[PDB]
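Here's the structure, in structure tokens; my notes come after.
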Amino acid sequence: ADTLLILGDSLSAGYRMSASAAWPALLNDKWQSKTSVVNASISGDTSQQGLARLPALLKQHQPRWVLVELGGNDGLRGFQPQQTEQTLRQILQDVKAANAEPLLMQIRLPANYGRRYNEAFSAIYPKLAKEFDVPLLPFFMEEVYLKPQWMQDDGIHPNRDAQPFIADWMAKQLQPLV
Ligand SMILES: CCCCCCCC(=O)O
């Protein structure tokens with residue numbers, strides 16, 4: 001029984017819903033008796049808070065793959081993309097050293113954050129992915145934005161109704177990678 005560890009934030013932990021309602025739990029359901037999905041995501045977690053938890057998780061879960069979904073809160077709070085990039089790099093190193101396969105998810109900020117900043121934030125992902133030669137999954141939120149009925153009031157977080165769809169899309173994206 002191989003393990004996929006998910007190191008992410010509210011987008012993966014679920015926002016204003018229980019963990020059982022978030023897509024990782026639904027993905028774990030359809031990957032029943034196949035692959036184990038461990039959702040180690042916490043709402044509001046910056047890339048540093050995530051990195052802070054990683055060591056213990058690798059040690060305890062001995063995952064074959066780690067899906068990294070972090071940075072969104074940093075950019076959202078105007079952090080220094082140079083810093084975020086540095087944190088994500090350590091995360092990838094930790095994963096590799098743990099003899100696990102890192103899977104990086106691309107993150108993008110709202111258009112109302114300025115072109116300058118958004119481009120610098122976004123570029124981090126392709127850059128690290130090239131640097132470590134790891135898969136760079138597209139940003140699943142891009143498809144969700146196209147369906148207002150799948151978005152919560154804040155225009156940021158996907159709602160309960162969106163979870164099964166995100167689970168299916170994620171299963172599709174992760175398939176070749178597992
Ligand atoms: C629009 C960028 C996506 C960032 C969402 C951060 C998720 C959280 O609330 O932990």
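Following the order of the structure tokens, chains are lettered A, B, ..., residues in each are numbered from 1, and ligands are numbered from 1.
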* Give as a count of residues only the residues surrounding ligand 1 up to a distance of 9 Å, considering only C-alpha atoms and all ligand atoms. => 30
* Would you mind listing what lies within 10 Å of residue 164 of chain A as a PyMOL selection string, with only C-alpha atoms counted and same-chain residues fewer than 6 positions away left out? => chain A and resi 21-27+170
* Asked: Just asking: which residues within chain A are strand (DSSP E or B) according to DSSP, as a list in words?
  ->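 For chain A, the strand (DSSP E or B) set is residues 2, 3, 4, 5, 6, 7, 8, 35, 36, 37, 38, 39, 65, 66, 67, 68, 69, 101, 102, 103, 104, 105, 136, 137, 151 and 158 of chain A.
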* Asked: Between A:129, A:68, A:5, A:17, which one has atoms that come closest to residue 39 of chain A, using only C-alpha atoms?
  ->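 Using only C-alpha atoms, the shortest distance to residue 39 of chain A belongs to A:5.
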* residue 147 of chain A surroundings by only C-alpha atoms, 12 Å radius, close-in-sequence under 6 positions cut, as a ChimeraX atom specification -> /A:141,155,158-159,161-162,165
List every residue of segment 7-78 of chain A that has an atom at most 12 Å from any atom of segment 90-95 of chain A, giving for each one its closest atom pair and the distance in Å to one decimal, counting only C-alpha atoms, sorted by chain and then by ascending residue number, as JSON lines.
{"residue": "A:7", "atom": "CA", "partner": "A:91", "partner_atom": "CA", "distance": 9.6}
{"residue": "A:8", "atom": "CA", "partner": "A:91", "partner_atom": "CA", "distance": 11.5}
{"residue": "A:47", "atom": "CA", "partner": "A:91", "partner_atom": "CA", "distance": 8.7}
{"residue": "A:48", "atom": "CA", "partner": "A:91", "partner_atom": "CA", "distance": 9.0}
{"residue": "A:49", "atom": "CA", "partner": "A:91", "partner_atom": "CA", "distance": 10.9}
{"residue": "A:50", "atom": "CA", "partner": "A:91", "partner_atom": "CA", "distance": 8.3}
{"residue": "A:51", "atom": "CA", "partner": "A:91", "partner_atom": "CA", "distance": 5.7}
{"residue": "A:52", "atom": "CA", "partner": "A:91", "partner_atom": "CA", "distance": 9.2}
{"residue": "A:53", "atom": "CA", "partner": "A:91", "partner_atom": "CA", "distance": 10.0}
{"residue": "A:54", "atom": "CA", "partner": "A:91", "partner_atom": "CA", "distance": 7.4}
{"residue": "A:55", "atom": "CA", "partner": "A:94", "partner_atom": "CA", "distance": 7.3}
{"residue": "A:56", "atom": "CA", "partner": "A:94", "partner_atom": "CA", "distance": 10.9}
{"residue": "A:57", "atom": "CA", "partner": "A:95", "partner_atom": "CA", "distance": 10.3}
{"residue": "A:58", "atom": "CA", "partner": "A:95", "partner_atom": "CA", "distance": 7.6}
{"residue": "A:59", "atom": "CA", "partner": "A:95", "partner_atom": "CA", "distance": 10.6}
{"residue": "A:61", "atom": "CA", "partner": "A:95", "partner_atom": "CA", "distance": 11.9}
{"residue": "A:62", "atom": "CA", "partner": "A:95", "partner_atom": "CA", "distance": 10.0}
{"residue": "A:63", "atom": "CA", "partner": "A:95", "partner_atom": "CA", "distance": 9.0}
{"residue": "A:64", "atom": "CA", "partner": "A:95", "partner_atom": "CA", "distance": 9.3}
{"residue": "A:65", "atom": "CA", "partner": "A:95", "partner_atom": "CA", "distance": 8.1}
{"residue": "A:66", "atom": "CA", "partner": "A:95", "partner_atom": "CA", "distance": 7.0}
{"residue": "A:67", "atom": "CA", "partner": "A:95", "partner_atom": "CA", "distance": 9.8}
{"residue": "A:68", "atom": "CA", "partner": "A:91", "partner_atom": "CA", "distance": 8.3}
{"residue": "A:69", "atom": "CA", "partner": "A:91", "partner_atom": "CA", "distance": 10.8}
{"residue": "A:70", "atom": "CA", "partner": "A:91", "partner_atom": "CA", "distance": 10.0}
{"residue": "A:71", "atom": "CA", "partner": "A:91", "partner_atom": "CA", "distance": 11.5}
* Mind listing the alpha helix (DSSP H) residues of segment 69-151 of chain A, per DSSP on the backbone, as a PyMOL selection string? => chain A and resi 72-76+81-97+115-132+141-144
Would you write out those residues with C-alpha atoms, as an mmCIF file, in the first residue's frame?
data_model
loop_
_atom_site.group_PDB
_atom_site.id
_atom_site.type_symbol
_atom_site.label_atom_id
_atom_site.label_comp_id
_atom_site.auth_asym_id
_atom_site.auth_seq_id
_atom_site.Cartn_x
_atom_site.Cartn_y
_atom_site.Cartn_z
ATOM 1 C CA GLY A 72 -0.901 30.792 -2.297
ATOM 2 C CA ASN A 73 -1.192 32.322 1.176
ATOM 3 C CA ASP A 74 2.280 33.892 0.823
ATOM 4 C CA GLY A 75 1.414 35.616 -2.436
ATOM 5 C CA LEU A 76 -1.990 36.486 -1.091
ATOM 6 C CA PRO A 81 8.348 35.568 -3.955
ATOM 7 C CA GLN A 82 12.107 35.199 -3.573
ATOM 8 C CA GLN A 83 11.432 33.899 -0.054
ATOM 9 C CA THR A 84 8.525 31.634 -1.031
ATOM 10 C CA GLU A 85 10.698 30.182 -3.803
ATOM 11 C CA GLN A 86 13.384 29.433 -1.249
ATOM 12 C CA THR A 87 10.946 27.638 1.111
ATOM 13 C CA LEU A 88 9.439 25.528 -1.704
ATOM 14 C CA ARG A 89 12.974 24.531 -2.719
ATOM 15 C CA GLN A 90 13.709 23.185 0.771
ATOM 16 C CA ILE A 91 10.426 21.307 0.666
ATOM 17 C CA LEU A 92 11.401 19.634 -2.612
ATOM 18 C CA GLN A 93 14.844 18.751 -1.237
ATOM 19 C CA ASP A 94 13.307 17.232 1.866
ATOM 20 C CA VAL A 95 10.984 15.153 -0.287
ATOM 21 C CA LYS A 96 13.793 13.940 -2.566
ATOM 22 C CA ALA A 97 16.112 13.100 0.336
ATOM 23 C CA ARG A 115 0.887 42.219 -13.113
ATOM 24 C CA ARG A 116 4.399 42.735 -11.769
ATOM 25 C CA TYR A 117 3.858 40.707 -8.585
ATOM 26 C CA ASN A 118 1.722 37.977 -10.147
ATOM 27 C CA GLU A 119 4.321 37.188 -12.811
ATOM 28 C CA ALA A 120 7.116 36.905 -10.255
ATOM 29 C CA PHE A 121 4.980 34.733 -7.965
ATOM 30 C CA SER A 122 3.809 32.447 -10.787
ATOM 31 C CA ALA A 123 7.277 31.990 -12.293
ATOM 32 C CA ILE A 124 8.484 30.312 -9.096
ATOM 33 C CA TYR A 125 6.718 27.066 -9.948
ATOM 34 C CA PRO A 126 7.957 26.425 -13.503
ATOM 35 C CA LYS A 127 11.419 27.453 -12.241
ATOM 36 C CA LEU A 128 11.555 24.964 -9.349
ATOM 37 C CA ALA A 129 9.988 22.247 -11.488
ATOM 38 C CA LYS A 130 12.723 22.692 -14.076
ATOM 39 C CA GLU A 131 15.312 22.966 -11.323
ATOM 40 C CA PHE A 132 14.309 19.648 -9.713
ATOM 41 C CA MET A 141 -8.505 26.315 -9.403
ATOM 42 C CA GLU A 142 -8.333 27.571 -13.025
ATOM 43 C CA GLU A 143 -11.192 25.191 -13.987
ATOM 44 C CA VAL A 144 -13.155 25.978 -10.841
#
* Mind pulling up the distance from atom CA of residue 171 of chain A to atom CA of residue 20 of chain A? -> 16.8 Å
* To do: Quick one: pull the distance between atom CA of residue 36 of chain A and atom CA of residue 133 of chain A, Å, one decimal.
  =>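 Separation between atom CA of residue 36 of chain A and atom CA of residue 133 of chain A: 24.3 Å.
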* Two-atom distance - atom CA of residue 2 of chain A, atom CA of residue 40 of chain A (Å) ->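 Between atom CA of residue 2 of chain A and atom CA of residue 40 of chain A the gap is 15.9 Å.
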Residues within 12 Å of residue 175 of chain A, only C-alpha atoms, excluding chain neighbours under 5 positions, as a PDB file with N, CA, C and O atoms, in the first residue's frame:
ATOM      1  N   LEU A   4       0.443   8.522  -0.914  1.00  0.00           N
ATOM      2  CA  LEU A   4       0.564   9.847  -1.514  1.00  0.00           C
ATOM      3  C   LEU A   4       0.259  10.803  -0.368  1.00  0.00           C
ATOM      4  O   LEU A   4      -0.834  10.773   0.192  1.00  0.00           O
ATOM      5  N   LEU A  27     -10.839  11.462  -3.096  1.00  0.00           N
ATOM      6  CA  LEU A  27      -9.875  10.804  -3.969  1.00  0.00           C
ATOM      7  C   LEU A  27      -9.416   9.542  -3.276  1.00  0.00           C
ATOM      8  O   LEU A  27      -9.215   8.519  -3.915  1.00  0.00           O
ATOM      9  N   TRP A  31      -9.665   5.634  -4.654  1.00  0.00           N
ATOM     10  CA  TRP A  31      -8.376   4.961  -4.757  1.00  0.00           C
ATOM     11  C   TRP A  31      -8.332   3.953  -3.611  1.00  0.00           C
ATOM     12  O   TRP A  31      -7.269   3.628  -3.065  1.00  0.00           O
ATOM     13  N   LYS A  34      -6.000   0.718  -3.241  1.00  0.00           N
ATOM     14  CA  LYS A  34      -5.104   0.987  -4.359  1.00  0.00           C
ATOM     15  C   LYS A  34      -3.923   1.798  -3.849  1.00  0.00           C
ATOM     16  O   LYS A  34      -2.812   1.287  -3.725  1.00  0.00           O
ATOM     17  N   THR A  35      -4.177   3.067  -3.552  1.00  0.00           N
ATOM     18  CA  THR A  35      -3.144   3.966  -3.047  1.00  0.00           C
ATOM     19  C   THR A  35      -3.717   4.732  -1.862  1.00  0.00           C
ATOM     20  O   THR A  35      -4.893   5.093  -1.858  1.00  0.00           O
ATOM     21  N   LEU A 137       2.013  20.053 -11.937  1.00  0.00           N
ATOM     22  CA  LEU A 137       0.603  19.891 -12.264  1.00  0.00           C
ATOM     23  C   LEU A 137       0.028  21.265 -12.484  1.00  0.00           C
ATOM     24  O   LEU A 137       0.524  22.233 -11.929  1.00  0.00           O
ATOM     25  N   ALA A 167     -11.860  16.190  -7.201  1.00  0.00           N
ATOM     26  CA  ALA A 167     -11.320  14.858  -6.928  1.00  0.00           C
ATOM     27  C   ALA A 167     -11.130  14.101  -8.242  1.00  0.00           C
ATOM     28  O   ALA A 167     -10.085  13.495  -8.454  1.00  0.00           O
ATOM     29  N   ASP A 168     -12.131  14.142  -9.125  1.00  0.00           N
ATOM     30  CA  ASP A 168     -12.025  13.446 -10.412  1.00  0.00           C
ATOM     31  C   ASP A 168     -10.871  13.986 -11.253  1.00  0.00           C
ATOM     32  O   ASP A 168     -10.029  13.225 -11.752  1.00  0.00           O
ATOM     33  N   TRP A 169     -10.811  15.305 -11.393  1.00  0.00           N
ATOM     34  CA  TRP A 169      -9.737  15.941 -12.164  1.00  0.00           C
ATOM     35  C   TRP A 169      -8.376  15.559 -11.580  1.00  0.00           C
ATOM     36  O   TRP A 169      -7.419  15.265 -12.318  1.00  0.00           O
ATOM     37  N   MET A 170      -8.279  15.559 -10.253  1.00  0.00           N
ATOM     38  CA  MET A 170      -7.023  15.225  -9.609  1.00  0.00           C
ATOM     39  C   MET A 170      -6.646  13.785  -9.885  1.00  0.00           C
ATOM     40  O   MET A 170      -5.488  13.498 -10.138  1.00  0.00           O
TER      41      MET A 170
END
* **Minimum-distance residue to residue 1 of chain A, chosen among A:112, A:32, A:163, A:80 (using only C-alpha atoms)** =>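 Closest to residue 1 of chain A, using only C-alpha atoms: A:32.
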